Structure formats: C-alpha cells, structure tokens
Amino acid sequence: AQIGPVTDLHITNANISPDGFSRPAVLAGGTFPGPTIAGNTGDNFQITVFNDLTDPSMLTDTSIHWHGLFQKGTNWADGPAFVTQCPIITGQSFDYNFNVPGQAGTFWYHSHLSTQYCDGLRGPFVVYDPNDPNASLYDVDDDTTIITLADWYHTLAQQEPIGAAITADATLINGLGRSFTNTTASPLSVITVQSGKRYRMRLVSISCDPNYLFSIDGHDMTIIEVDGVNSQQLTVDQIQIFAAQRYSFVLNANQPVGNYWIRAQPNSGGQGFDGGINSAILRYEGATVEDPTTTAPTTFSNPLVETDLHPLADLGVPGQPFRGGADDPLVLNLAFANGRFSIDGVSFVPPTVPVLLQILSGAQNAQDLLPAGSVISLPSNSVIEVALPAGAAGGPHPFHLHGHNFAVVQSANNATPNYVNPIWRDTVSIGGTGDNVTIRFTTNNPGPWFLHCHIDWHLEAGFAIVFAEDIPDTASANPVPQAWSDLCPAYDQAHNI
Ligand SMILES: *[C@@H]1O[C@H](CO)[C@@H](O[C@@H]2O[C@H](CO)[C@@H](O)[C@H](O)[C@H]2NC(C)=O)[C@H](O)[C@H]1NC(C)=O
Ligand SMILES: *[C@@H]1O[C@H](CO)[C@@H](O[C@@H]2O[C@H](CO)[C@@H](O)[C@H](O)[C@H]2NC(C)=O)[C@H](O)[C@H]1NC(C)=O
Ligand SMILES: [Cl-]
Ligand SMILES: [Cu+2]
Ligand SMILES: [Cu+2]
Ligand SMILES: [Cu+2]
Ligand SMILES: [Cu+2]
C-alpha cells in the first residue's frame, strides 16, 4: 500500500539481502526501497519521521529530502543537512509539514545526510493529478506501475575505503536483482501486465551513482513526463536515466502473452546480463512462470535524446534567446582534483550552523554566510542562467537544483542551445568534455537551495554550492515551527558541539 499524505515514517536499521548477500541497512518503512509516499496535487503532506537508528556504522542521525518538491514557504522542510536543518537525532521525531501546490508527477525521497541514502533510505514519492492531461493515454497507474532503479553496495557507505574506486555490487529493480560477482540465482522482480492494457510506468532512478540504459525487450516506451514535467509523447526503445531522474512512459501490453526481460545497464559495475544481473521480468497474465528468453538488439533504434523532449504545456524559456540573456547569468567552474570536487574553486564542506538558520539569525549577504565561498546569492524575481561546463572527472555528472525545476537550454552532447521549447526538469546530465549544459529558471522561491551533483559520492566529496535565493525575504517567506528551531540545539548537545 501507498502511505500519506499524512503518515508516520520510521527510520530503522535492519538486515536485508536484496541480491542474496546479507548486510545491514538504513530503511524507511522497514523495506528497500521504502514505501511509496503519495497524495494528490496541492495536498498537505505531514510526514512525521521517527529516527530509530542505533547502528553508528551508517550514522544514527538522519534528515530526509523530498526530491523535486519546491517547498515554497517551507524551506525548513526541504531536508538537506546543514543547508535547511540540523539532522534529527536518534530517539526523536520531526514533522515535515508542507504543501505541493502546482506540482504533479513522479518524485522520490531520500536521506540527505552524508552518503546515508546509499545505505537504503530511498523511496518513491508520487503526486497524482485528478485532472491529469495525460490520463487518457493509459489504463493503469498505481503502486504496481512504479519501477525503481537502484545501485546496491556490499560495503557500507561510511566504510568505503579512502583512495579506492567505488562501484556497486548489484543493480536492483523494484528492490531485487543479482550480484555482479559471486552471482547467485536470487529472486528477480516481476512486473505484471495484462494483454491489451496500457500502463503509466513511473521510472525512478534512486541511484547513488550510475546511470542506467533502461529497456524492455520487445516493447517500446512512450515518454509523457520528465522529472515531474508533463511532456509531449516521445516514443523510444531505450532510456538513459541518470541518478535522481524520473520518467513516466506508457507501456502498451501489445506483444504476445509471455515473459520479456527488463534491462537496466549501469555505466559502471557489471556489464551485460550473465546470470540475470541487471535484469527484471515483464510477465503477461497467463504466461508461464519462467524466465524470459528474449534478447536485446545489438543497437537500439530510438534511444532517448534529451533535445527530443518537449513540454506538453507551453512553458517556453525565460530570458532572452542567447547565451547570457538573463538577469543573472552565471558560468560555474566545475572541477575535480585530489579526491575533492570544487565549484568556483571552493569544495563544499557542510557548515556547523545550517545556512537557513544563519540567514534567520541575520546574516544577510552571501559573503557573511558559511561555508565561505560556497553560498551564492540570487536576486528575487529574476531570470537566472547557469552554465555547467563539463570536464571534471567522474562524469557524466547529473546536476540537481533544490526548490526549482529549470529549462534545459543546452543538453549533453549537442552544442546547440534551445531557447524555444526545451524540456524542463530538475536533474540534468552535464555531459562530456567540451559540453556546455545550461539551465534557466526564475527566482520566485525565497530560501537557500542546494545545487549539486546527484552522484552521492561526489556530493560528499564537495561537488555543491548553495544558492541563497532572495536572502532579504527568506525569513518572512519561511516561518519556522518550534520543532525546527529545536533541531540544532538538540543535535549540537548530542554531538558535544
Ligand atoms: C558556456 O557558455 C557560457 C555562457 O553561457 C560561456 O561563458 C562565457 O565565457 C567567456 C570566456 O570563456 C566569457 O568571456 C563570457 O563573459 C562568458 N559569458 C557569455 C559570452 O555570455 C562559456 O565560455 C561556455 N563554456 C564552454 C566550455 O563552452
Ligand atoms: C541538437 O539540439 C538542437 C537544439 O535543441 C536540436 O535542434 C532542433 O531540432 C529540431 C528537430 O529537427 C527542430 O525542430 C528545431 O528547430 C531545432 N532547434 C534549434 C534551435 O536548432 C537538434 O535536433 C539536436 N541534434 C540532434 C542530433 O538531436
Ligand atoms: Cl528538490
Ligand atoms: Cu534527490
Ligand atoms: Cu532535491
Ligand atoms: Cu558527479
Ligand atoms: Cu540535494
């Protein structure tokens, strides 16, 4: 069952074996992935998060972010540790009480403390639209049509050795999959469809790192939503999905009754499908209970290319139709050296006092804010452009902005910008060497919004800045509850800070 929009959510430690290998984890709702949190557009979510964690090897503090939800007037509920709150300590709870006006689509939630979401605190978050303009394109849209793609590690996140390469040990589709080494024939996920029906498949990358080449043998996929933004229909036979992105696609159960492989090939870790790694099963009702015998093509006919996507609505692009054609045009210098990432020469290290609390306490320019050089002010009611030229090691980097979606004026692997009808989204691959992926948005949401690579290992290694949007109006726009004001004193006391 789905939970919410008003629910408790307990965060616990438990052993799990999603690929046949047992390890401890950090779980929401007792499962990996966590339960789907759901409601309708405009609803009031009240998610009372109970931190019941006791195993320090995965951190006993926590904080949860609701990825892609704008949090307008509720910046304090956004979740990034040391940006909008101090963490919740063990044995305490915290009510994330917010609204989702003007949004409907496929989102997710995850820990936003250190690399803790990699240890298991990740799940889907769906905001349905009772008047969805895409409703007539499908028959079924429910918990059974959510498809999560996850990387899974045998080594605990906090225990990844300094100086060794980090790669995953399994791809999990709907929480199940097989290990790349010492593969055992552990259970695969089954997605069941009925011949003749049409399904809104909600594809969610809950990855800490790899991008996936996602496909379904024998089928094609008609994209209708990108990171919460309705799209024109775009039929593809493969989707390269980067960490934290979402798509909805229509799956027409229009092939013979049978079993078909679902494929999710990560860019690192195990290559191929030997022993059923990187795989799940699409099973038609009435098919034999057996593995598919289908193959992929050698070359896909219609892979997703981001510039092919266009909004369903007339969203346009704010500003003027040329580089720098914005009120506040930025170009970030994104770099990596010696184990640390930097943005404009500064590697992100979380501050002691959350950025929001510093602002509420009267710090009122970005040069006043800690960490020094990591907080950039944005003016209110302005068109912002951010160019994100690639080249830093470890790419392709999926950059994500909290508090906002954005027009993708320039996409990976294509030097031509689009000032007319590009897709809007919230997480974008910045591509490869020489690319100049560029985003635009307007500043109508006062508060400090994190901008970072969503490869969690890279965030931990500093690949982030905070946009302090409309510092002057942050306090008036974001009244804070007493429980939020209590977080830092409790955290600092527990940690002898
Ligand atoms: C990416 O696009 C930005 C503009 O959006 C480019 O920025 C300009 O950079 C040059 C120096 O390289 C400066 O003289 C300009 O002031 C910048 N802004 C402009 C022209 O609008 C940037 O060079 C591009 N980067 C890459 C790698 O292509
Ligand atoms: C590279 O990106 C550009 C800009 O998004 C794409 O150009 C558009 O192509 C469509 C389809 O032919 C045309 O309707 C638009 O007028 C083009 N816009 C611009 C600004 O040129 C282009 O198709 C992309 N290249 C590839 C190979 O997909
Ligand atoms: Cl967000
Ligand atoms: Cu996220
Ligand atoms: Cu986010
Ligand atoms: Cu990265
Ligand atoms: Cu974030």
Side-chain angles (χ1 to χ4, degrees), residues 63-71 75 77-85 96 98 103 106-117 121-122 125 204-206 208 227-228 243-246 317 319-335 344 348 350 354-355 383-392 395 397-419 425-428 430-440 445 447-460 462-467:
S63 192
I64 299 185
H65 172 60
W66 323 92
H67 181 117
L69 293 312
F70 303 151
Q71 302 290 354
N75 175 267
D78 190 42
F82 311 103
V83 180
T84 60
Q85 69 176 91
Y96 290 94
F98 61 87
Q103 298 189 268
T106 309
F107 305 93
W108 63 297
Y109 63 93
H110 58 81
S111 180
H112 213 312
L113 176 64
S114 182
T115 52
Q116 186 182 69
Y117 87 77
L121 206 181
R122 357 178 181 163
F125 188 116
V204 184
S205 170
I206 67 179
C208 268
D227 303 0
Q245 291 181 334
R246 296 81 64 217
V317 180
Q320 300 162 293
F322 48 85
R323 303 192 191 285
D327 300 305
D328 189 7
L330 298 173
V331 182
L332 300 187
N333 179 342
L334 301 175
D344 296 335
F348 194 82
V355 182
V383 181
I384 316 301
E385 176 175 81
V386 192
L388 299 168
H397 303 282
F399 267 71
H400 168 59
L401 178 60
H402 292 216
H404 285 279
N405 61 15
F406 47 75
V408 184
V409 305
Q410 186 165 320
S411 295
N413 210 44
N414 181 338
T416 304
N418 182 359
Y419 306 105
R425 75 186 307 153
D426 66 44
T427 301
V428 62
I430 71 170
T433 298
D435 286 348
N436 207 7
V437 170
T438 298
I439 67 173
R440 288 188 177 179
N445 191 8
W449 302 116
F450 222 0
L451 174 73
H452 63 86
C453 182
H454 218 298
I455 294 168
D456 212 35
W457 314 113
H458 298 177
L459 171 58
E460 184 70 0
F463 212 13
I465 207 159
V466 175
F467 282 145

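Read the numbers this way: they start at 1 and go in the same order the structure lists the ligands and their atoms. Starting from 1, each residue takes its place in the sequence as its number.
Distance check on atom 21 (O) of ligand 1: some protein heavy atom falls below the 4.0 Å cut-off. Distances from atom 14 (O) of ligand 1 to the protein include no heavy-atom value under 4.0 Å. Atom 25 (N) of ligand 1 is approached by the protein to below 4.0 angstrom, counting heavy atoms only.
Less than 6.0 angstrom separates the ring centroid of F450 from the ring centroid of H112. Not less than 6.0 angstrom separates the ring centroid of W108 from the ring centroid of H400. Ring centroids of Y96 and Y109 are separated by 6.0 Å or more, keeping the two rings apart. Separation of the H402 and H452 ring centroids falls under the 6.0 Å cut-off.
Shown here are the disulfide (SG to SG under 2.5 Å) partners of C208, two or more places apart in sequence or in another chain: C118.
Among protein heavy atoms, atom 1 (C) of ligand 1 sits closest to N436 ND2, 1.4 Å. Protein heavy atom at the shortest distance from atom 18 (N) of ligand 1 is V331 CG2, 4.6 Å. Of the protein's non-hydrogen atoms, the one nearest atom 27 (C) of ligand 1 is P389 CB, 3.8 Å.
Defined by atom type and a distance below 3.5 Å, a donor-acceptor pair is present between the side-chain atoms of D78 and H65. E460 and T115 are not linked by any side-chain donor-acceptor pair at a separation below 3.5 angstrom, with hydrogens and angles left out of the test.
Protein N/O/S atoms closer than 2.8 Å to the Cu ion (ligand 7), listed by chain and residue number, are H112 NE2, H402 NE2, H452 NE2.
Distance check, rounded to the nearest 0.5 Å: CG of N445 to CD of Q71 gives 9.0 Å.
Applying the 4.0 Å criterion to heavy atoms of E385 picks out, from ligand 1, the atoms 5 (O).
A side chain to side chain donor-acceptor pair (under 3.5 Å) with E385 is found for one member of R440, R323, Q320 and no other, namely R440.
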